[PDB]
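Asker: Input file: my_file-v5.pdb. Contents: PDB, C-alpha atoms (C1' of nucleotides).
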ATOM      1  CA  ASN F  35      39.977 -19.002  -5.870
ATOM      2  CA  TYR F  36      38.697 -16.880  -2.989
ATOM      3  CA  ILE F  37      36.102 -14.154  -2.603
ATOM      4  CA  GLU F  38      37.269 -11.103  -0.666
ATOM      5  CA  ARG F  39      35.743  -7.924   0.709
ATOM      6  CA  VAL F  40      36.371  -4.405   1.904
ATOM      7  CA  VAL F  41      33.469  -3.237   4.040
ATOM      8  CA  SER F  42      34.871  -0.582   6.380
ATOM      9  CA  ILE F  43      37.470   2.148   5.996
ATOM     10  CA  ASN F  44      37.874   4.676   8.802
ATOM     11  CA  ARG F  45      40.647   7.274   9.081
ATOM     12  CA  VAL F  46      42.188   6.916  12.538
ATOM     13  CA  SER F  47      44.657   9.237  14.263
ATOM     14  CA  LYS F  48      46.995   8.829  17.136
ATOM     15  CA  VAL F  49      47.903  12.280  18.415
ATOM     16  CA  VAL F  50      51.402  13.459  19.231
ATOM     17  CA  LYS F  51      53.232  16.718  19.903
ATOM     18  CA  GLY F  52      53.834  17.504  16.254
ATOM     19  CA  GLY F  53      50.269  16.719  15.381
ATOM     20  CA  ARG F  54      48.220  13.848  14.033
ATOM     21  CA  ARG F  55      50.015  10.703  12.859
ATOM     22  CA  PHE F  56      47.135   9.396  10.812
ATOM     23  CA  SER F  57      46.630   5.786   9.784
ATOM     24  CA  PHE F  58      44.131   3.594   7.992
ATOM     25  CA  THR F  59      42.162   0.545   8.981
ATOM     26  CA  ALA F  60      40.089  -2.009   7.169
ATOM     27  CA  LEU F  61      37.757  -4.910   7.808
ATOM     28  CA  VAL F  62      38.034  -7.810   5.410
ATOM     29  CA  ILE F  63      35.935 -10.934   5.020
ATOM     30  CA  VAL F  64      36.893 -13.972   2.969
ATOM     31  CA  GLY F  65      34.854 -16.936   1.872
ATOM     32  CA  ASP F  66      35.072 -19.730  -0.658
ATOM     33  CA  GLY F  67      31.321 -19.544  -1.199
ATOM     34  CA  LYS F  68      30.996 -23.069   0.217
ATOM     35  CA  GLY F  69      31.273 -22.753   4.013
ATOM     36  CA  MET F  70      34.760 -21.426   4.734
ATOM     37  CA  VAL F  71      34.610 -17.974   6.318
ATOM     38  CA  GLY F  72      37.454 -15.833   7.588
ATOM     39  CA  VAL F  73      37.673 -12.408   9.157
ATOM     40  CA  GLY F  74      40.421  -9.844   9.579
ATOM     41  CA  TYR F  75      40.899  -6.343  10.977
ATOM     42  CA  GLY F  76      43.893  -5.007   9.113
ATOM     43  CA  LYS F  77      45.409  -1.579   9.484
ATOM     44  CA  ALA F  78      48.372   0.415   8.230
ATOM     45  CA  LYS F  79      49.399   3.830   7.015
ATOM     46  CA  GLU F  80      48.583   2.267   3.623
ATOM     47  CA  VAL F  81      45.145   1.090   2.525
ATOM     48  CA  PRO F  82      46.468  -1.788   0.365
ATOM     49  CA  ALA F  83      48.645  -2.826   3.302
ATOM     50  CA  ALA F  84      45.673  -2.971   5.664
ATOM     51  CA  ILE F  85      43.650  -4.787   3.017
ATOM     52  CA  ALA F  86      46.378  -7.383   2.508
ATOM     53  CA  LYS F  87      46.681  -7.911   6.248
ATOM     54  CA  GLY F  88      42.940  -8.483   6.418
ATOM     55  CA  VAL F  89      43.231 -10.926   3.520
ATOM     56  CA  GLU F  90      45.976 -13.045   5.034
ATOM     57  CA  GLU F  91      44.443 -12.948   8.510
ATOM     58  CA  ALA F  92      41.113 -14.109   7.154
ATOM     59  CA  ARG F  93      42.949 -16.905   5.349
ATOM     60  CA  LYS F  94      44.376 -17.772   8.756
ATOM     61  CA  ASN F  95      41.184 -17.685  10.805
ATOM     62  CA  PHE F  96      38.689 -19.652   8.753
ATOM     63  CA  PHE F  97      35.594 -21.270  10.240
ATOM     64  CA  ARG F  98      33.407 -23.989   8.762
ATOM     65  CA  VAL F  99      29.632 -23.597   8.761
ATOM     66  CA  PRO F 100      26.763 -26.107   9.246
ATOM     67  CA  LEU F 101      25.053 -25.551   5.907
ATOM     68  CA  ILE F 102      22.218 -27.341   4.167
ATOM     69  CA  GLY F 103      22.509 -26.904   0.428
ATOM     70  CA  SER F 104      22.069 -23.143   0.445
ATOM     71  CA  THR F 105      20.466 -22.375   3.822
ATOM     72  CA  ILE F 106      21.170 -22.661   7.544
ATOM     73  CA  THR F 107      19.674 -25.217   9.902
ATOM     74  CA  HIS F 108      17.905 -23.157  12.561
ATOM     75  CA  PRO F 109      17.456 -19.580  13.736
ATOM     76  CA  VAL F 110      19.815 -18.273  16.356
ATOM     77  CA  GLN F 111      20.759 -15.265  18.475
ATOM     78  CA  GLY F 112      24.362 -14.128  18.238
ATOM     79  CA  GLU F 113      25.844 -11.840  20.867
ATOM     80  CA  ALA F 114      29.091  -9.917  20.540
ATOM     81  CA  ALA F 115      30.205  -6.811  22.480
ATOM     82  CA  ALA F 116      26.742  -5.477  21.805
ATOM     83  CA  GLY F 117      26.064  -6.853  18.325
ATOM     84  CA  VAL F 118      22.780  -8.710  18.364
ATOM     85  CA  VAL F 119      21.746 -10.698  15.307
ATOM     86  CA  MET F 120      18.696 -12.890  14.709
ATOM     87  CA  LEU F 121      19.557 -15.178  11.827
ATOM     88  CA  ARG F 122      16.890 -17.477  10.517
ATOM     89  CA  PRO F 123      16.579 -19.823   7.530
ATOM     90  CA  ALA F 124      14.633 -18.926   4.433
ATOM     91  CA  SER F 125      12.962 -21.047   1.814
ATOM     92  CA  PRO F 126      14.990 -21.409  -1.365
ATOM     93  CA  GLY F 127      14.859 -18.662  -3.952
ATOM     94  CA  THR F 128      14.392 -15.988  -1.265
ATOM     95  CA  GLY F 129      17.764 -14.217  -1.303
ATOM     96  CA  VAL F 130      20.602 -13.165   0.974
ATOM     97  CA  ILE F 131      18.548 -10.803   3.102
ATOM     98  CA  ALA F 132      20.753  -8.686   5.356
ATOM     99  CA  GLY F 133      22.450  -5.307   5.528
ATOM    100  CA  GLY F 134      26.012  -4.615   4.476
ATOM    101  CA  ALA F 135      28.199  -6.473   6.930
ATOM    102  CA  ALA F 136      26.230  -9.668   7.360
ATOM    103  CA  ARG F 137      25.484  -9.616   3.646
ATOM    104  CA  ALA F 138      29.204  -9.591   2.930
ATOM    105  CA  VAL F 139      29.774 -12.396   5.435
ATOM    106  CA  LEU F 140      27.063 -14.681   4.160
ATOM    107  CA  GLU F 141      27.524 -14.029   0.446
ATOM    108  CA  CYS F 142      31.206 -14.859   0.862
ATOM    109  CA  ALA F 143      30.338 -17.925   2.930
ATOM    110  CA  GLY F 144      28.098 -19.312   0.190
ATOM    111  CA  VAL F 145      24.625 -18.706   1.596
ATOM    112  CA  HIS F 146      21.937 -17.750  -0.926
ATOM    113  CA  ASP F 147      18.667 -17.797   1.048
ATOM    114  CA  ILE F 148      18.661 -16.535   4.627
ATOM    115  CA  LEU F 149      17.289 -13.839   6.913
ATOM    116  CA  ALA F 150      18.985 -11.559   9.400
ATOM    117  CA  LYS F 151      18.501  -8.416  11.460
ATOM    118  CA  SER F 152      20.753  -6.006  13.350
ATOM    119  CA  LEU F 153      19.231  -4.911  16.654
ATOM    120  CA  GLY F 154      22.097  -3.178  18.441
ATOM    121  CA  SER F 155      25.666  -2.038  17.888
ATOM    122  CA  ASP F 156      25.294  -0.812  14.325
ATOM    123  CA  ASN F 157      29.094  -0.857  14.011
ATOM    124  CA  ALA F 158      30.289  -3.337  11.409
ATOM    125  CA  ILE F 159      32.976  -4.714  13.733
ATOM    126  CA  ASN F 160      30.709  -5.988  16.462
ATOM    127  CA  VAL F 161      28.054  -6.904  13.901
ATOM    128  CA  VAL F 162      30.469  -9.250  12.170
ATOM    129  CA  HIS F 163      31.673 -10.684  15.468
ATOM    130  CA  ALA F 164      28.090 -11.388  16.520
ATOM    131  CA  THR F 165      27.255 -13.053  13.219
ATOM    132  CA  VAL F 166      30.312 -15.239  13.706
ATOM    133  CA  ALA F 167      29.237 -16.103  17.253
ATOM    134  CA  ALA F 168      25.888 -17.191  15.836
ATOM    135  CA  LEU F 169      27.526 -19.380  13.210
ATOM    136  CA  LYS F 170      29.484 -20.986  16.040
ATOM    137  CA  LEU F 171      26.312 -21.557  18.046
ATOM    138  CA  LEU F 172      25.001 -23.490  15.054
ATOM    139  CA  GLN F 173      25.032 -27.286  15.239
ATOM    140  CA  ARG F 174      24.803 -30.021  12.704
ATOM    141  CA  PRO F 175      21.984 -32.528  13.300
ATOM    142  CA  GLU F 176      24.558 -35.280  12.889
ATOM    143  CA  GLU F 177      26.562 -33.926  15.814
ATOM    144  CA  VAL F 178      23.346 -33.501  17.788
ATOM    145  CA  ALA F 179      22.432 -37.162  17.317
ATOM    146  CA  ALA F 180      26.036 -37.888  18.261
ATOM    147  CA  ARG F 181      26.048 -35.966  21.524
ATOM    148  CA  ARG F 182      22.664 -37.313  22.652
ATOM    149  CA  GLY F 183      23.004 -40.877  21.349
ATOM    150  CA  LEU F 184      19.777 -40.985  19.322
ATOM    151  CA  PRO F 185      19.464 -41.360  15.528
ATOM    152  CA  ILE F 186      18.759 -38.674  12.966
ATOM    153  CA  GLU F 187      15.147 -39.741  12.499
ATOM    154  CA  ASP F 188      14.084 -39.166  16.095
ATOM    155  CA  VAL F 189      16.408 -36.142  16.182
ATOM    156  CA  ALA F 190      15.159 -34.219  13.116
ATOM    157  CA  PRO F 191      11.869 -33.670  11.261
ATOM    158  CA  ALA F 192      11.188 -34.818   7.701
ATOM    159  CA  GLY F 193      11.422 -31.573   5.727
ATOM    160  CA  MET F 194      15.047 -30.950   6.611
ATOM    161  CA  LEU F 195      15.848 -34.459   5.398
ATOM    162  CA  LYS F 196      13.952 -33.773   2.177
ATOM    163  CA  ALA F 197      16.274 -30.812   1.716
ATOM    164  CA  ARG F 198      19.316 -32.985   2.471
ATOM    165  CA  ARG F 199      18.385 -35.619  -0.093
ATOM    166  CA  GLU F 200      17.469 -33.165  -2.827
ATOM    167  CA  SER F 201      20.620 -31.111  -2.355
ATOM    168  CA  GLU F 202      22.806 -34.223  -2.417
ATOM    169  CA  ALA F 203      21.049 -35.136  -5.655
ATOM    170  CA  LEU F 204      21.777 -31.731  -7.197
ATOM    171  CA  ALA F 205      25.387 -31.924  -6.005
ATOM    172  CA  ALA F 206      26.027 -35.391  -7.424
ATOM    173  CA  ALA F 207      24.395 -34.163 -10.631
ATOM    174  CA  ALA F 208      26.730 -31.163 -10.838
ATOM    175  CA  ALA F 209      29.856 -33.205 -10.120
ATOM    176  CA  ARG F 210      28.938 -36.050 -12.482
ATOM    177  CA  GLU F 211      28.221 -33.546 -15.252
ATOM    178  CA  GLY F 212      31.516 -31.805 -14.474
ATOM    179  CA  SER F 213      33.966 -34.712 -14.473
ATOM    180  CA  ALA F 214      31.987 -37.772 -15.569
TER     181      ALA F 214
ATOM    182  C1'   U M   1       1.385 -29.363  10.169
ATOM    183  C1'   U M   2       3.684 -25.397   7.547
ATOM    184  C1'   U M   3       5.409 -19.785   5.960
ATOM    185  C1'   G M   4       8.442 -14.645   5.963
ATOM    186  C1'   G M   5      12.090  -9.248   8.881
ATOM    187  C1'   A M   6      18.360  -5.391   4.821
ATOM    188  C1'   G M   7      20.236  -0.104   6.353
ATOM    189  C1'   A M   8      23.251   4.896   5.824
ATOM    190  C1'   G M   9      24.716   9.668   8.244
ATOM    191  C1'   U M  10      25.203  12.298  12.937
ATOM    192  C1'   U M  11      28.232  14.203  19.541
ATOM    193  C1'   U M  12      34.624  12.746  19.323
ATOM    194  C1'   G M  13      42.054  14.425  17.911
ATOM    195  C1'   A M  14      40.589   9.392  17.071
ATOM    196  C1'   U M  15      37.356   4.963  19.672
ATOM    197  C1'   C M  16      33.227   2.028  21.702
ATOM    198  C1'   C M  17      28.439   2.233  24.090
ATOM    199  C1'   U M  18      23.703   4.413  25.599
ATOM    200  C1'   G M  19      20.447   7.886  23.332
ATOM    201  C1'   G M  20      17.816  11.089  20.183
ATOM    202  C1'   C M  21      17.299  13.590  15.024
ATOM    203  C1'   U M  22      17.101  12.957   9.800
ATOM    204  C1'   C M  23      16.725   9.906   4.853
ATOM    205  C1'   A M  24      15.547   6.113   1.354
ATOM    206  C1'   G M  25       9.605   2.379   0.834
ATOM    207  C1'   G M  26       4.354   2.373   0.720
ATOM    208  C1'   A M  27      -0.972   4.802   0.984
ATOM    209  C1'   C M  28      -4.368   9.074  -0.143
ATOM    210  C1'   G M  29     -11.741  11.357  -1.171
ATOM    211  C1'   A M  30      -6.154  15.228  -1.908
ATOM    212  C1'   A M  31      -4.078  20.446  -3.195
ATOM    213  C1'   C M  32       0.239  23.548  -5.626
ATOM    214  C1'   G M  33       3.840  24.060  -9.928
ATOM    215  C1'   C M  34       5.641  22.435 -15.061
ATOM    216  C1'   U M  35       4.033  19.559 -18.857
ATOM    217  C1'   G M  36      -0.417  17.591 -21.283
ATOM    218  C1'   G M  37      -2.219  12.155 -27.237
ATOM    219  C1'   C M  38      -5.933   8.388 -26.340
ATOM    220  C1'   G M  39      -9.174   4.685 -24.348
ATOM    221  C1'   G M  40     -11.565   1.258 -20.404
ATOM    222  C1'   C M  41     -13.300   0.721 -15.221
ATOM    223  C1'   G M  42     -13.898   3.601 -11.076
ATOM    224  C1'   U M  43     -14.141   8.327  -8.065
ATOM    225  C1'   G M  44     -15.497  14.287  -6.305
ATOM    226  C1'   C M  45     -17.501  19.619   0.206
ATOM    227  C1'   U M  46     -12.747  16.085   4.613
ATOM    228  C1'   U M  47     -13.845  23.439   5.747
ATOM    229  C1'   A M  48     -19.679  26.438   7.562
ATOM    230  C1'   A M  49     -25.286  20.678  10.555
ATOM    231  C1'   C M  50     -23.667  28.531   7.323
ATOM    232  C1'   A M  51     -27.495  30.854   4.247
ATOM    233  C1'   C M  52     -30.798  29.716  -0.314
ATOM    234  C1'   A M  53     -33.101  31.969  -5.366
ATOM    235  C1'   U M  54     -35.458  28.783  -9.670
ATOM    236  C1'   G M  55     -37.292  23.836 -11.506
ATOM    237  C1'   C M  56     -38.205  18.484 -10.689
ATOM    238  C1'   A M  57     -37.584  14.574  -6.299
ATOM    239  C1'   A M  58     -44.990   9.814  -3.943
ATOM    240  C1'   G M  59     -48.454   9.007  -6.135
ATOM    241  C1'   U M  60     -52.394   5.868  -7.448
ATOM    242  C1'   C M  61     -57.769   3.323  -8.170
ATOM    243  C1'   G M  62     -63.864   4.713 -12.531
ATOM    244  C1'   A M  63     -63.635  -3.766 -11.529
ATOM    245  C1'   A M  64     -65.589   1.341  -4.322
ATOM    246  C1'   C M  65     -68.845   5.998  -5.188
ATOM    247  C1'   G M  66     -71.919  10.313  -6.483
ATOM    248  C1'   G M  67     -71.203  12.415 -10.762
ATOM    249  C1'   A M  68     -69.725  14.838 -15.900
ATOM    250  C1'   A M  69     -65.290  20.329 -16.365
ATOM    251  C1'   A M  70     -62.127  19.074 -20.654
ATOM    252  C1'   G M  71     -61.377  14.413 -24.309
ATOM    253  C1'   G M  72     -64.905  10.653 -27.507
ATOM    254  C1'   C M  73     -69.826   8.921 -29.857
ATOM    255  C1'   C M  74     -74.730   9.789 -31.365
ATOM    256  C1'   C M  75     -79.714  13.044 -31.127
ATOM    257  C1'   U M  76     -79.374  17.214 -33.122
ATOM    258  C1'   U M  77     -79.176  22.218 -33.969
ATOM    259  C1'   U M  78     -79.143  28.883 -35.580
ATOM    260  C1'   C M  79     -74.051  26.613 -34.719
ATOM    261  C1'   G M  80     -76.037  30.073 -30.567
ATOM    262  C1'   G M  81     -75.259  25.848 -28.496
ATOM    263  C1'   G M  82     -78.167  22.356 -26.020
ATOM    264  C1'   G M  83     -79.610  16.926 -24.039
ATOM    265  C1'   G M  84     -77.924  11.336 -23.457
TER     266        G M  84
END
Any chance you could put this one into structure tokens?

Answerer:
Amino acid sequence: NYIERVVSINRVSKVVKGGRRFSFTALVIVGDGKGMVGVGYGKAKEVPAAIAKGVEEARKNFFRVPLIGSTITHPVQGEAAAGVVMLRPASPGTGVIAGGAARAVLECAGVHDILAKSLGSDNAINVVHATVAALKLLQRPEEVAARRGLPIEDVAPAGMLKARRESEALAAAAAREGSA
RNA sequence: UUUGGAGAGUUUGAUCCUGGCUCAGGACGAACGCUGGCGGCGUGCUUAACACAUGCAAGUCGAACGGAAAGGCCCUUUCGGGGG
């Protein structure tokens, strides 16, 4: 199972001596709802064709996300061509607060409680690319403790670890009610 | 030692960017239109500090005083009234 999107359809036109040889584009985002996120800019004369290209290309170019239960670690600035985005964690029960593009991205990714803001380059393309850049700038605290040699306790505060423990508890609960 | 930000359209054969314009939300001591069962609590000259009829809006003390017009009591009487 995969979640899939269609969040942009423009009607493009190369121009040639006869006239306008139109074509169709699409922007497609895929996400398992758990951390996998993929992106694709498909195009064709046919809208289903472009959509299917976007689907398969997203299924190619996944990217895993440093999540915590249902929310990100830290706020971040993501730069693309000109897409600026200021993501920032929420407190649970808040909602997937964003516009159209980033909302699609994060809802497909699996986020449920997060903030966001577009500050430049309103175009969905660059907006998505900037959001992705931000998600790449993210870091897991485990990998932070790894790269700087210290342990998680000196590396993180206590509230994040509260969240870790409680979310692991809910997850083990869900899985042990499911199978066991 | 913790809490809370959403965008869409628009220049172009088509694109991206800068950049402006417009829209959705909320607030009123409000007014206009259509409609108009009730109750509770609140609220009403933002303009001409323009003019003003009319009536009430700061009086009180006889345990401060001299006194005695109406009130009251008695002396009375013609009941005219007259004295305390």

Asker: What's the 12 Å shell around residue 104 of chain F, counting all atoms listed in the file, without same-chain residues fewer than 5 positions away, as a VMD selection string?

Answerer: chain F and resid 67 to 69 99 123 to 130 140 to 141 143 to 148 197 to 198 200 to 202 204 to 205

Asker: Those selected residues, please, written with C-alpha atoms and delivered as a compact mmCIF listing (two decimals), keeping the file's coordinate frame.

Answerer:
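Writing done, so here's again-v5.txt:
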# COMPACT_ATOMS: atom_id res chain seq x y z
CA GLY F 67 31.32 -19.54 -1.20
CA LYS F 68 31.00 -23.07 0.22
CA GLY F 69 31.27 -22.75 4.01
CA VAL F 99 29.63 -23.60 8.76
CA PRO F 123 16.58 -19.82 7.53
CA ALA F 124 14.63 -18.93 4.43
CA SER F 125 12.96 -21.05 1.81
CA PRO F 126 14.99 -21.41 -1.36
CA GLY F 127 14.86 -18.66 -3.95
CA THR F 128 14.39 -15.99 -1.26
CA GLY F 129 17.76 -14.22 -1.30
CA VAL F 130 20.60 -13.16 0.97
CA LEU F 140 27.06 -14.68 4.16
CA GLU F 141 27.52 -14.03 0.45
CA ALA F 143 30.34 -17.92 2.93
CA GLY F 144 28.10 -19.31 0.19
CA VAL F 145 24.62 -18.71 1.60
CA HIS F 146 21.94 -17.75 -0.93
CA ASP F 147 18.67 -17.80 1.05
CA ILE F 148 18.66 -16.54 4.63
CA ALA F 197 16.27 -30.81 1.72
CA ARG F 198 19.32 -32.98 2.47
CA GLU F 200 17.47 -33.16 -2.83
CA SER F 201 20.62 -31.11 -2.36
CA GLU F 202 22.81 -34.22 -2.42
CA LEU F 204 21.78 -31.73 -7.20
CA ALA F 205 25.39 -31.92 -6.00

Asker: Report the closest atom pair, with its distance in Å rounded to one decimal, for each residue of chain F that has an atom no farther than 6 Å from chain M; count only C-alpha atoms (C1' of nucleotides), sort by chain and then rising residue number, and write it as a Markdown table.

Answerer:
| residue | atom | partner | partner_atom | distance |
| --- | --- | --- | --- | --- |
| F:46 | CA | M:14 | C1' | 5.4 |
| F:47 | CA | M:14 | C1' | 4.9 |
| F:131 | CA | M:6 | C1' | 5.7 |
| F:132 | CA | M:6 | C1' | 4.1 |
| F:133 | CA | M:6 | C1' | 4.2 |

Asker: Grab the atom CA of residue 93 of chain F to atom CA of residue 73 of chain F distance for me, in Å with one decimal place.

Answerer: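 According to the coordinates, atom CA of residue 93 of chain F and atom CA of residue 73 of chain F are separated by 7.9 Å.
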
Asker: Work out how far atom CA of residue 59 of chain F is from atom CA of residue 112 of chain F, in Å to one decimal.

Answerer: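 These two atoms are separated by 24.9 Å.
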
Asker: Name the residues captured by the PyMOL selection byres ((chain F and resi 157-165) around 9) when it is applied to the shown file; answer as a list in words.

Answerer: residues 41, 42, 61, 73, 75, 111, 112, 113, 114, 115, 116, 117, 118, 119, 120, 121, 134, 135, 136, 139, 152, 154, 155, 156, 166, 167, 168, 169 and 170 of chain F

Asker: What is the distance between atom CA of residue 101 of chain F and atom CA of residue 173 of chain F, in Å to one decimal?

Answerer: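 Distance reported for this atom pair: 9.5 Å.
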
Asker: Pick the closest to residue 44 of chain M from M:72, M:29, M:20, M:66: which is it, counting only C-alpha atoms (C1' of nucleotides)?

Answerer: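 Among the listed residues, the smallest separation from residue 44 of chain M belongs to M:29.
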
Asker: Taking the file as shown, what set of residues would the PyMOL selection byres ((chain M and resi 46-49) around 12) give back, as a PyMOL selection string?

Answerer: chain M and resi 28-30+44-45+50-51

Asker: Select, counting all atoms listed in the file, all protein, DNA and RNA residues no farther than 12 Å from (42.2, -6.8, 4.5) in file coordinates, and express the selection as a PyMOL selection string.

Answerer: chain F and resi 37-43+58-64+72-78+80-94

Asker: Could you check the closest approach to residue 194 of chain F for each of F:208, F:182, F:149, F:106 and tell me which residue wins, using all atoms listed in the file?

Answerer: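 Looking only at the distances to residue 194 of chain F, the closest residue turns out to be F:106.
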
Asker: Take the PyMOL selection byres ((chain F and resi 174) around 10), apply it to the structure above, and return the hits as a list in words.

Answerer: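 For this structure, the PyMOL selection byres ((chain F and resi 174) around 10) captures residues 99, 100, 101, 102, 106, 107, 108, 172, 173, 175, 176, 177, 178, 179 and 180 of chain F.
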
Asker: Will you model N, CA, C and O atoms for segment 67-83 of chain F and pass it back as an mmCIF file, in the coordinates of the input?

Answerer:
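selection-v1.cif, freshly written:
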data_model
loop_
_atom_site.group_PDB
_atom_site.id
_atom_site.type_symbol
_atom_site.label_atom_id
_atom_site.label_comp_id
_atom_site.auth_asym_id
_atom_site.auth_seq_id
_atom_site.Cartn_x
_atom_site.Cartn_y
_atom_site.Cartn_z
ATOM 1 N N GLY F 67 32.657 -19.340 -0.693
ATOM 2 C CA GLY F 67 31.321 -19.544 -1.199
ATOM 3 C C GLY F 67 30.775 -20.928 -0.955
ATOM 4 O O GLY F 67 29.776 -21.298 -1.580
ATOM 5 N N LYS F 68 31.392 -21.698 -0.056
ATOM 6 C CA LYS F 68 30.996 -23.069 0.217
ATOM 7 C C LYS F 68 30.877 -23.388 1.698
ATOM 8 O O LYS F 68 30.367 -24.464 2.031
ATOM 9 N N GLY F 69 31.319 -22.502 2.588
ATOM 10 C CA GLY F 69 31.273 -22.753 4.013
ATOM 11 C C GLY F 69 32.454 -22.188 4.771
ATOM 12 O O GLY F 69 32.335 -21.882 5.960
ATOM 13 N N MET F 70 33.594 -22.033 4.109
ATOM 14 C CA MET F 70 34.760 -21.426 4.734
ATOM 15 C C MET F 70 34.505 -19.935 4.872
ATOM 16 O O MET F 70 34.053 -19.289 3.922
ATOM 17 N N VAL F 71 34.776 -19.393 6.054
ATOM 18 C CA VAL F 71 34.610 -17.974 6.318
ATOM 19 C C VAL F 71 35.739 -17.510 7.211
ATOM 20 O O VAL F 71 36.016 -18.134 8.240
ATOM 21 N N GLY F 72 36.341 -16.387 6.847
ATOM 22 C CA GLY F 72 37.454 -15.833 7.588
ATOM 23 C C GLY F 72 37.279 -14.340 7.714
ATOM 24 O O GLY F 72 36.624 -13.696 6.888
ATOM 25 N N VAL F 73 37.882 -13.793 8.763
ATOM 26 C CA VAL F 73 37.673 -12.408 9.157
ATOM 27 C C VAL F 73 39.017 -11.809 9.535
ATOM 28 O O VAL F 73 39.878 -12.500 10.086
ATOM 29 N N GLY F 74 39.194 -10.527 9.241
ATOM 30 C CA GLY F 74 40.421 -9.844 9.579
ATOM 31 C C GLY F 74 40.274 -8.345 9.685
ATOM 32 O O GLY F 74 39.604 -7.710 8.867
ATOM 33 N N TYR F 75 40.917 -7.775 10.700
ATOM 34 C CA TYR F 75 40.899 -6.343 10.977
ATOM 35 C C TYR F 75 42.310 -5.840 10.729
ATOM 36 O O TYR F 75 43.124 -5.768 11.651
ATOM 37 N N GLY F 76 42.589 -5.498 9.488
ATOM 38 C CA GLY F 76 43.893 -5.007 9.113
ATOM 39 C C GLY F 76 43.968 -3.504 9.122
ATOM 40 O O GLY F 76 42.992 -2.803 8.863
ATOM 41 N N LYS F 77 45.164 -3.009 9.422
ATOM 42 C CA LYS F 77 45.409 -1.579 9.484
ATOM 43 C C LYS F 77 46.819 -1.294 9.005
ATOM 44 O O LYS F 77 47.686 -2.165 9.069
ATOM 45 N N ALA F 78 47.038 -0.073 8.551
ATOM 46 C CA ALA F 78 48.372 0.415 8.230
ATOM 47 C C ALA F 78 48.250 1.892 7.893
ATOM 48 O O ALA F 78 47.145 2.439 7.814
ATOM 49 N N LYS F 79 49.392 2.538 7.681
ATOM 50 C CA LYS F 79 49.399 3.830 7.015
ATOM 51 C C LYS F 79 48.877 3.716 5.590
ATOM 52 O O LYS F 79 48.408 4.709 5.026
ATOM 53 N N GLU F 80 48.942 2.518 5.009
ATOM 54 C CA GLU F 80 48.583 2.267 3.623
ATOM 55 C C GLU F 80 47.351 1.375 3.537
ATOM 56 O O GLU F 80 47.254 0.346 4.215
ATOM 57 N N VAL F 81 46.422 1.773 2.678
ATOM 58 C CA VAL F 81 45.145 1.090 2.525
ATOM 59 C C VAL F 81 45.334 -0.294 1.909
ATOM 60 O O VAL F 81 44.758 -1.265 2.422
ATOM 61 N N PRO F 82 46.076 -0.442 0.807
ATOM 62 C CA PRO F 82 46.468 -1.788 0.365
ATOM 63 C C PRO F 82 47.133 -2.634 1.425
ATOM 64 O O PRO F 82 46.867 -3.836 1.492
ATOM 65 N N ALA F 83 48.008 -2.053 2.243
ATOM 66 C CA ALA F 83 48.645 -2.826 3.302
ATOM 67 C C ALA F 83 47.613 -3.381 4.268
ATOM 68 O O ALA F 83 47.632 -4.573 4.596
#
